[PDB]
Each structure stands twice: as C-alpha cells, then as structure tokens.
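Novice: work-v8.cif is reproduced below (mmCIF, C-alpha atoms).
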data_start
#
loop_
_atom_site.label_atom_id
_atom_site.label_comp_id
_atom_site.auth_asym_id
_atom_site.auth_seq_id
_atom_site.Cartn_x
_atom_site.Cartn_y
_atom_site.Cartn_z
CA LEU A 910 25.84 -38.91 -7.16
CA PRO A 911 27.53 -40.93 -4.38
CA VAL A 912 25.69 -44.24 -4.56
CA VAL A 913 25.25 -47.34 -2.40
CA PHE A 914 24.62 -50.88 -3.67
CA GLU A 915 23.33 -53.69 -1.46
CA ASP A 916 22.69 -57.41 -1.92
CA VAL A 917 23.87 -57.42 -5.52
CA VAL A 918 23.32 -60.83 -7.12
CA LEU A 919 24.48 -61.96 -10.58
CA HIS A 920 22.14 -64.67 -11.84
CA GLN A 921 23.88 -65.27 -15.17
CA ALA A 922 26.82 -64.03 -17.22
CA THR A 923 26.09 -62.24 -20.49
CA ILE A 924 28.46 -63.00 -23.36
CA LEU A 925 29.17 -60.11 -25.73
CA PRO A 926 29.15 -61.34 -29.35
CA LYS A 927 31.93 -60.40 -31.74
CA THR A 928 29.40 -58.93 -34.20
CA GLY A 929 26.18 -57.15 -33.30
CA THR A 930 25.02 -55.79 -29.97
CA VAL A 931 23.29 -56.90 -26.77
CA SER A 932 20.55 -54.75 -25.25
CA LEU A 933 20.53 -54.50 -21.45
CA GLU A 934 17.46 -52.99 -19.77
CA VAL A 935 17.43 -51.47 -16.29
CA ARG A 936 14.24 -50.99 -14.25
CA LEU A 937 14.29 -49.15 -10.92
CA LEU A 938 11.73 -49.06 -8.10
CA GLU A 939 12.26 -45.80 -6.24
CA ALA A 940 10.00 -46.72 -3.32
CA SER A 941 11.57 -50.12 -2.62
CA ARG A 942 15.16 -49.08 -3.45
CA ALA A 943 15.46 -52.13 -5.71
CA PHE A 944 16.87 -52.46 -9.23
CA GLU A 945 16.86 -55.16 -11.88
CA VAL A 946 18.89 -55.69 -15.06
CA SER A 947 17.47 -57.93 -17.78
CA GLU A 948 18.43 -59.28 -21.20
CA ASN A 949 15.86 -60.66 -23.65
CA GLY A 950 13.45 -60.91 -20.75
CA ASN A 951 15.90 -62.95 -18.64
CA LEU A 952 16.95 -61.61 -15.25
CA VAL A 953 20.73 -61.16 -15.10
CA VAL A 954 21.40 -58.89 -12.10
CA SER A 955 19.37 -57.71 -9.13
CA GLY A 956 19.87 -55.99 -5.80
CA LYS A 957 19.31 -52.60 -4.17
CA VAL A 958 20.61 -49.17 -5.18
CA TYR A 959 19.96 -45.80 -3.55
CA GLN A 960 21.69 -42.47 -3.12
CA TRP A 961 24.19 -42.10 -0.27
CA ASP A 962 22.62 -39.32 1.77
CA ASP A 963 25.47 -38.53 4.21
CA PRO A 964 28.88 -39.67 2.92
CA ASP A 965 31.49 -40.39 5.59
CA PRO A 966 35.16 -40.00 4.58
CA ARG A 967 36.00 -42.33 7.48
CA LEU A 968 34.66 -45.26 5.46
CA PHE A 969 37.41 -44.96 2.83
CA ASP A 970 40.28 -44.79 5.32
CA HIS A 971 42.51 -47.74 4.53
CA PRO A 972 41.78 -50.61 6.96
CA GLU A 973 44.31 -52.18 9.29
CA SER A 974 46.67 -54.46 7.28
CA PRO A 975 46.18 -58.27 7.55
CA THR A 976 50.01 -58.27 8.04
CA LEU B 910 -5.70 -64.26 -17.05
CA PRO B 911 -5.56 -66.77 -14.16
CA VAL B 912 -3.11 -64.97 -11.89
CA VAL B 913 -1.01 -66.13 -8.95
CA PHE B 914 0.08 -63.82 -6.14
CA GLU B 915 2.82 -64.80 -3.71
CA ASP B 916 4.53 -63.30 -0.66
CA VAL B 917 2.18 -60.31 -0.70
CA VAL B 918 3.01 -57.74 1.98
CA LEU B 919 1.19 -54.56 3.02
CA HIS B 920 3.32 -51.79 4.52
CA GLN B 921 0.68 -49.13 5.20
CA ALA B 922 -3.07 -48.62 4.83
CA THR B 923 -4.26 -45.82 2.55
CA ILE B 924 -7.13 -43.66 3.84
CA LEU B 925 -9.42 -42.80 0.94
CA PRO B 926 -10.12 -39.06 1.31
CA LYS B 927 -13.70 -37.97 1.90
CA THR B 928 -13.17 -35.15 -0.62
CA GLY B 929 -10.69 -35.42 -3.47
CA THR B 930 -8.86 -38.43 -4.85
CA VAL B 931 -5.84 -40.61 -4.09
CA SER B 932 -3.66 -41.99 -6.89
CA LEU B 933 -1.91 -45.35 -6.58
CA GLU B 934 0.99 -46.28 -8.85
CA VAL B 935 1.85 -49.93 -9.54
CA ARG B 936 5.09 -51.17 -11.11
CA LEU B 937 5.93 -54.63 -12.46
CA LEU B 938 9.25 -56.35 -13.13
CA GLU B 939 8.28 -59.21 -15.43
CA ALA B 940 11.75 -60.76 -15.23
CA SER B 941 11.76 -60.85 -11.42
CA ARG B 942 8.02 -61.66 -11.21
CA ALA B 943 7.62 -58.86 -8.65
CA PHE B 944 5.23 -55.94 -8.23
CA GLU B 945 5.19 -52.80 -6.09
CA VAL B 946 2.36 -50.35 -5.38
CA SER B 947 3.43 -46.87 -4.28
CA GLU B 948 1.33 -44.06 -2.79
CA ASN B 949 2.86 -40.59 -3.20
CA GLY B 950 6.26 -42.25 -3.61
CA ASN B 951 5.88 -44.43 -0.50
CA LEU B 952 5.88 -48.21 -0.77
CA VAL B 953 2.45 -49.62 0.09
CA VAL B 954 2.30 -53.21 -1.19
CA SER B 955 4.91 -55.67 -2.46
CA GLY B 956 5.00 -59.28 -3.59
CA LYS B 957 5.29 -61.55 -6.61
CA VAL B 958 2.63 -61.77 -9.33
CA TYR B 959 2.82 -63.98 -12.42
CA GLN B 960 0.49 -65.73 -14.83
CA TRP B 961 -0.74 -69.21 -13.93
CA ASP B 962 0.60 -71.46 -16.68
CA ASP B 963 -1.42 -74.64 -16.01
CA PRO B 964 -4.61 -74.06 -14.01
CA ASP B 965 -6.08 -77.16 -12.36
CA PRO B 966 -9.64 -77.22 -10.95
CA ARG B 967 -8.51 -79.76 -8.34
CA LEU B 968 -6.93 -76.93 -6.34
CA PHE B 969 -10.26 -75.24 -5.58
CA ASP B 970 -12.05 -78.37 -4.35
CA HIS B 971 -13.25 -77.72 -0.82
CA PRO B 972 -11.15 -79.49 1.84
CA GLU B 973 -13.09 -81.82 4.12
CA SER B 974 -14.11 -80.07 7.33
CA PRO B 975 -12.35 -81.21 10.56
CA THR B 976 -15.82 -80.86 12.24
#
Just give me the structure of the file as structure tokens.
Specialist:
Amino acid sequence: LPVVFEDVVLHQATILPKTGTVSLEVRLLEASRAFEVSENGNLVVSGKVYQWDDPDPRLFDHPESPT
Amino acid sequence: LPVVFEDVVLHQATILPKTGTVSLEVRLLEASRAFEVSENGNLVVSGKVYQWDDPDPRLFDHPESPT
C-alpha cells in the first residue's frame, strides 16, 4: 500500500512508561480521508491519510542540492 | 442530551427513493468532537457535535426585533 499523509498534526507527546503498556486507538473516516489517534480519550494525532492511486517515481528523484 | 452542533456542512443532497430504501451511515470521533455522515461511501455531511456541558436558558430568549 503506497500511502499519502496530509496535514499531520501532533497535539501532544505520549510518554511510554517503563512498566506496563499504553493503548493507542486509531479511527479512520474513509469518506473524508481523515484519521485520528487517541489515548485515554485524548486526541494525540490527527490529519489525512489515503491510498496513493498513481505513484510517480519522479517524486523520489533526489532534489537539486542546496550547495 | 442538550447537544451542540458546529461548522455543519452539507456536501450533497440525498434523494429518498420512491421505491426501496436508502441507508445513511454516521461516524463519530469523540476525541476530535467531529461527525461524518456517508451515503454509499460518499461524504454527505460533516461538522462538530458535542454535549452541552452547562445549558443556560438565557441563550434562547428572543432578541428584540429591529422593527
């Protein structure tokens, strides 16, 4: 699956504890091409994710050097 | 449940069939306080819906008429 992300925003940083686990939940809206990651009911990440329909190898050609 | 809608948007109008039925699917992201209604996988309505924490009757008092 070649994927495309857009307008990714990180609202808060989750801190992994030394002992235990943290549960991260992902909810997708296929129609609106929007996603949302949450922890304990608190929004942590949001943006837009959808499949890349027509990949272009041109995109990954290395850009002209700053120097 | 006193509810508050916000930034509601309608993308298309569904034509109720004369014969048969039409099924609408609604999805909520409680963390983002957003909702989407999809018809056959097509976005129809979008916005933000959340519970009204502190209702106040003063809001519904009729504004004085300019005439």
Novice: Would you give me, as a ChimeraX atom specification, the residues of chain A that come within 6 Å of chain B, using all atoms listed in the file?
Specialist: /A:940,950-952
Novice: What is the distance, in Å and to one decimal place, between CA of residue 915 in chain A and CA of residue 933 in chain B?
Specialist: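 Between these atoms lies a distance of 27.1 Å.
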Novice: Given the file shown, enumerate the residues that the PyMOL selection byres ((chain A and resi 914) around 12) captures and present them as a ChimeraX atom specification.
Specialist: /A:911-913,915-918,942-944,955-961
Novice: Just how far from CA of residue 935 in chain B is CA of residue 962 in chain B, in Å to one decimal?
Specialist: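 Distance between the two atoms: 22.7 Å.
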Novice: Do you have the CA of residue 910 in chain A-CA of residue 966 in chain A distance handy?
Specialist: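 Taking CA of residue 910 in chain A as the start and CA of residue 966 in chain A as the end point, the length is 15.0 Å.
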Novice: How big is the axis-aligned box around the listed atoms of range 946-955 of chain B once 6 Å is added on each side, and where is its centre? Give both in Å to one decimal, as JSON.
Specialist:
{"center_x": 3.8, "center_y": -48.1, "center_z": -2.6, "size_x": 16.9, "size_y": 27.1, "size_z": 17.5}
